[PDB]
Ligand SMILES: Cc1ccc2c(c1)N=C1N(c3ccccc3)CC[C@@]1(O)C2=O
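What follows is a single chain, given as structure tokens, in the form deposited without the named molecule.
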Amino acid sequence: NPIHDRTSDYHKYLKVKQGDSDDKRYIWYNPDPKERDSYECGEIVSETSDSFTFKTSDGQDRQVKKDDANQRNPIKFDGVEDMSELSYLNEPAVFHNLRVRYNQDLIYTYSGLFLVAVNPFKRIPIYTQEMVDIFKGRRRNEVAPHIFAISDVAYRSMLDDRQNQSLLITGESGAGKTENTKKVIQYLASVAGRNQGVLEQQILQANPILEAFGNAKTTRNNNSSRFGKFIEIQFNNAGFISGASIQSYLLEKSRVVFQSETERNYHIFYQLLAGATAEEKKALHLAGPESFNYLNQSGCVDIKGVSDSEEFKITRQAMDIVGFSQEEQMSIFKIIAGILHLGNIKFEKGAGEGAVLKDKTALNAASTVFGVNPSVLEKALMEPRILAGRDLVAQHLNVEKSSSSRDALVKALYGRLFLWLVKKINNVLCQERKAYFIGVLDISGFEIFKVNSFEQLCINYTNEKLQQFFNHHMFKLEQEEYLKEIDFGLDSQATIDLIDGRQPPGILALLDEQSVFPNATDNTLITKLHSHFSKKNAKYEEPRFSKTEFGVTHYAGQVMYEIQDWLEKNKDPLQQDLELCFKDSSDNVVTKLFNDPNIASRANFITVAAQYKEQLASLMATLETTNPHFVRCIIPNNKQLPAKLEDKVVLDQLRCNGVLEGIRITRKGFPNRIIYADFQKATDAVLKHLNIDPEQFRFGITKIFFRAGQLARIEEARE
């Protein structure tokens, strides 16, 4: 028994070591108030009903107020598995426990409802079959923190409550959302699939494929997910996997035509370029990424510790497993290839405010591979017909404009293709006969970058709703766990409203209004916003100086956004003639992408914001029907290094994500101040022996709710 077997890897890697043997007061102080996050521990030389006085590291005293005191929990608490047990809940205290664990390579910790996960940035052998095996049917409290644990508890709850389940895994980029997501899947595939089982493999083989097309190297992660996802794992009434469905969100289509220095475009481009046969290449009029605009710009065409070649095998291999037809494949690759050619096209001004395509090279390559007609692509690109009254005139675009349309084309295609891959995969995996499901959400948390644009507002709106769901969930519990004699998600409402309100109209509604609109510009747009909200809506901020930015007070703080391009982004335009050109494609796949309203169109067309709000609401509607579980993935630093947990990087995250918030209530909100077993009837004996004060202690029903007080003096007592 590994749980019992202290030699087991289980014990080693998942537990704080058991050294079986069977008067002071510290604080976390900051030797630099300018460094709110760089504490030190100091001893309290004494108190005063009003304050505390300790001893700096230097051993040269200072003195704060009790009510300002970041008291250090007793050392015995150092490494506890759930922050719900700490006496002292305060930032540094919290950090300190995470740290102590992280230092022992214990990346998982609970904080009440939350599973906190700190990326280790190195391999930790804990996702082995043996490891799976150990987690089966065990309660959270019976085994070490782990993503398998949460996964198991959701699976049991599902079988026991006959209720759908959900797992919400969020956090910043490179924090390990995706890692944890796969493990959830893996564990589920193991504990509930076929042993002595094809659907499972298929279900598994779907992630590699989506990753090839939707992930990429960024400066924060070598395999960034450039789309959000919701994985519905489907079970029959017996508790075995019947199927699966994937919902994707906000693919970063722009990355196809532009990548920052050092980053890469999507994986697949490289894999394709480096994995194709000497024969498909030329067949594909292919060449090296060096020779490709969309791949020659960032200075990076490689990922260290990565073989595009080998990875291409997989993708392919996976394609076969799921079921893509060889031709479907080729076609899928033709698109990629196609896309590459288009990036190669070069518009020059050949006479006067008009682009000319002097070199028909790249054009031919694109077309040929797209199975479209060189002549109309061209005309669709450089001279699209534009409706101007009754009039449908062909319009000659300059060079700039011509390129952007070309880019718009590249993006729809990429975007469209992804859309298709997802459906096609669903076709193969999906079951609406399902009894139940366990859904896993893998998407970024709040995002505050150097520059925040329309995409960040969306992500942050979602986060705003996810956090209110958490808060509400959390009050339900309390409320219900009180069948006897403070709604928290009400607090997220104003922000939510500012963004999505209808009347008065919020940011999105104003944006939509402007997108139809005649006098349509980024400047009219930003003016309307301040006009409606500056000094008028408490969650809004008009900048002292920028004329192109605005601030929203989000849950996790203010985020300044920039409006450049919102109108275009909201409309996501694509020249219809261009729609026309492709509509008539030789390719069977290309045709779908342009002929299938379900693919080639948004839902009388709605805008991007409108589509986003909707898919957000649908998502939430779904969640509301589940028993949710919460996973907060934490990045330990910004260097992609193990062993380096920087205070500041960490505390920021615990404030944004709501572990910290969620916690502080965990002071008042003292359920988990239930030491059913403690140092029941003599459990007042003790209180009566040490004669502690009534109303710091609490008698539940054999259960409990003790005091985050004497409790933290009530342990290193000599008796």
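From 1 onward, residues are counted along the sequence shown.
The following text describes the form solved in complex with the named molecule, which does not appear among the structures shown.
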**Request:** Go ahead and superimpose the pocket C-alphas, place the named molecule as found in the bound PDB entry, and count ligand atoms within 2.4 angstroms of backbone or C-beta atoms: 3 or more is blocked, zero is open.
**Result:** blocked
**Request:** Considering only heavy atoms, tell me if residue 249 and the named molecule come within 4.5 Å of each other in the bound PDB entry.
**Result:** yes
**Prompt:** Should residue 110 be counted as a contact of the named molecule in the bound PDB entry, where contact means heavy atoms within 4.5 Å?
**Reply:** no
**Asked** Is residue 444 one of the residues lying within 4.5 Å of the named molecule in the bound PDB entry, judged by heavy atom distances?
**Response** yes
**Prompt:** Is residue 226 close to the named molecule in the bound PDB entry, meaning a heavy atom pair under 4.5 Å apart or at it?
**Reply:** yes
**Complete:** With a 4.5 Å heavy atom cut-off to the named molecule in the bound PDB entry, the contacting stretch among 87 to 95, 339 to 347, 514 to 522, 455 to 463 is 455 to 463
**Complete:** Of 615, 426, 104, 317, the only residue with a heavy atom within 4.5 Å of the named molecule in the bound PDB entry is 615
**Request:** Go through 357, 397, 619, 257 and name the one with a heavy atom inside 4.5 Å of the named molecule in the bound PDB entry.
**Result:** 619
